[PDB]
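Worksheet: the structure to be examined is printed underneath.
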Amino acid sequence: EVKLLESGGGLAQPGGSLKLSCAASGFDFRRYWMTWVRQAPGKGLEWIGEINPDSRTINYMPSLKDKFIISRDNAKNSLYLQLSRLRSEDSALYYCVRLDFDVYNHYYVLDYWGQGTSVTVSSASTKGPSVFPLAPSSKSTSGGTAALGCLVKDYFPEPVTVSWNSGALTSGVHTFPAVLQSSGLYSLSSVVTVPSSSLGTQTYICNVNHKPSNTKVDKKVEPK
Amino acid sequence: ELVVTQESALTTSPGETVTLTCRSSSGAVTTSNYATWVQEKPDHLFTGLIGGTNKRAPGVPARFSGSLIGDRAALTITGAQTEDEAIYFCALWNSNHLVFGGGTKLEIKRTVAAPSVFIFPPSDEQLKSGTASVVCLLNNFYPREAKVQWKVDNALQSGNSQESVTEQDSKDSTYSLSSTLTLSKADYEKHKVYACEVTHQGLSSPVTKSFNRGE
């Protein structure tokens, strides 16, 4: 497969700098133009810039230059983005993106995208979440189903990853978008629905990871 | 400062043709803009669909095609499928730089579905910490519009709840919604009946789910 693994994100303080990086495999990286794109929370895409194979053409979004430096190291199949003079507006998901060029066809497509690395600019400190069960009841069924879940509460910054039974359980799962509370901390819930008669049939454990605070939690959700 | 604009949201039925457009504030979108389209699906999964206005990318289903209509660039989906639920972004090349539009949510239409509703009392573990969250779940409904009202001992609650909705499910085309009512432990102990009341087009009258504290 083509793989584009980003890293280097997390919490940064206002004014400070940060270096994102991106390692590529599954294609001849040497030959391809590379791009960085970002997406602030609940907003659209914003092109940052692009670099050609030999690092001689580096084009940037003008309305914010002298701030982002793009480079690449073709021997390490790696792309870099240096951020400086950081403000809250720079808080976003940053995507490593491959640009397929084709001058004959008149063709330029952003074809493979990395998953992105999260950057938050804030002087607020990290906070791990508390994880609370949302217990199901045999007596509280609706539309032929029983619901159970986890409340992942009071964390900062985004993101948390949530899964059920180490990823083995995916049918019926909904992890909801995190909400920002008036305290300045985030909160989210993840739920599983199952056919009512299957409730006692298996164990449900929600796995909650929060990398910025190094929190890992496995919470068993017992019917109650 | 070039601004690219797209429709916010469109709805289409399976098998129907739908056309997304992309306009510019500099004037007509032209071949020299090299219009590109990108599709975004949940978990931020991006796929380049169209390059150079009307060139479909390798691996991309024939169902998708790109063109110009008058002023604008256009992405046509001929025979929309449930898996086409996504956000579609167009991007115009200009001078050196590339500028994205704001994106268009594509909703796939389906028959109205009422939500299943569930209410969860706070866990004994949370109550140890001094606060109490009551969660209400609205599962697998369509269309999206849905009212949730919280009541405590029959009193309408205001400005102490938050709400969150999933993206349209790519399979059953439904939405789900989660709502949290937060109060302090002390305030939670003063009241008996906690209710979640839900109106939706698929319900002929509102559904209430409730529980009694300590029962």
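Condition check: within 14 Å of another protein chain (Cβ to nearest Cβ), crowded, with 21+ Cβ neighbours inside 10 Å and closer than 27 Å to A:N59 by Cβ. Does B:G102 satisfy that?
So B:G102 does not fit the description; no.
Please go through segment B:164-215 and give me each residue that is of a type in the set (K, R) and more than 12 Å from chain A (Cβ to nearest Cβ), ordered by number.
Listed by number, the residues that qualify are B:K185, B:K190, B:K192, B:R213.
Which residue, of B:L20, B:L92, is within 14 Å of chain A (Cβ to nearest Cβ), touching a residue at least 40 places away in the same chain (Cβ under 8 Å) and part of a strand (DSSP E or B)?
Checking each option against the conditions leaves just B:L92.
Identify, from the list B:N154, B:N160, B:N139, the residue that is under 22 Å from B:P121 (Cβ atoms), without any contact (Cβ under 8 Å) to a residue 60 or more places away in the chain and in contact with a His (Cβ under 8 Å, 6 or more places away or on another chain).
Residue meeting the stated conditions: B:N139.
How many residues are among the β-branched types (V, I, T) and either part of a strand (DSSP E or B) or within 11 Å of chain A (Cβ to nearest Cβ) (or both) if we restrict to segment B:105-125?
Of the residues in that region, 3 qualify.
Any residue that is closer than 18 Å to A:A92 by Cα and either outside any helix (DSSP H, G or I) or of a type outside the set (F, W, Y) (or both) - is there at least one of those in segment A:160-171?
yes
Looking only at segment B:149-163, filter to residues that are within 13 Å of another protein chain (Cβ to nearest Cβ) and assigned to a strand (DSSP E or B); which one of those is nearest to the chain's Cα centre (by Cα)?
Looking at residues that are within 13 Å of another protein chain (Cβ to nearest Cβ) and assigned to a strand (DSSP E or B), I get B:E163.
Go through (1) away from every other protein chain (no Cβ under 14 Å); (2) within 18 Å of the chain's Cα centre (by Cα); (3) touching a residue at least 60 places away in the same chain (Cβ under 8 Å) one by one and return the number of the condition A:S123 breaks.
Failed condition: (2).
Residue check, B:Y188 against (1) closer than 29 Å to B:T111 by Cβ; (2) touching a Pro at 6+ places or on another chain (Cβ under 8 Å); (3) surrounded by 17 or more Cβ atoms within 10 Å (Cβ to Cβ), all met but one. Which one?
Every condition holds for B:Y188 apart from (1).
Name the single residue, out of those in segment A:75-111 being more than 16 Å from A:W47 (Cβ to Cβ) and among the aromatic types (F, W, Y), that is farthest from the other protein chains (Cβ to nearest Cβ).
Going through the qualifying residues, I end up with A:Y80.
Answer with yes or no whether A:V191 is touching a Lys or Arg at 6+ places or on another chain (Cβ under 6 Å), crowded, with 21+ Cβ neighbours inside 10 Å and either assigned by CATH to the domain that holds A:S21 or closer than 19 Å to B:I119 by Cα (or both).
So A:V191 fails the test.
Just name the residue that is farthest from the other protein chains (Cβ to nearest Cβ) out of those in segment B:23-46 that are β-branched (V, I, T) and buried (at least 19 other Cβ atoms within 10 Å of the Cβ).
B:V29
Among the residues of segment B:190-205, write down those that are without any contact (Cβ under 8 Å) to a residue 24 or more places away in the chain and not basic (K, R).
Within segment B:190-205, B:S204, B:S205 meet the criteria.
For residues that are β-branched (V, I, T) and at the interface with another protein chain (Cβ under 9 Å from one of its Cβ atoms), scanning just segment A:132-155, find the one that is farthest from A:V37 (Cα to Cα).
Here the residue is A:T141.
State the number of residues belonging to segment B:23-58 that are outside any loop (DSSP other than H, G, I, E, B) and of a type in the set (A, V, I, L, M, F, W, C).
So the count comes out to 6.
Condition check: surrounded by fewer than 19 Cβ atoms within 10 Å (Cβ to Cβ) and of a type in the set (A, V, I, L, M, F, W, C). Does A:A135 satisfy that?
Answer is yes for this residue.
So, A:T141, is that one free of Cβ contacts under 8 Å to residues at least 60 places away in the same chain, within 18 Å of B:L138 (Cβ to Cβ) and within 22 Å of the chain's Cα centre (by Cα) or not?
In short, no.
Name the residues in segment B:61-79 that are part of a strand (DSSP E or B) and either touching a helix residue (DSSP H, G or I) at 6+ places or on another chain (Cβ under 9 Å) or not assigned by CATH to the domain that holds B:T11 (or both), would you?
The answer is B:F64, B:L68, B:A73, B:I77.
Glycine gets a Cβ as well: all are built from the backbone with ideal geometry, and neighbour counts include every protein chain shown. Numbers and lists here come from the model and the stated rules, or from a named source; no laboratory instrument gave them.
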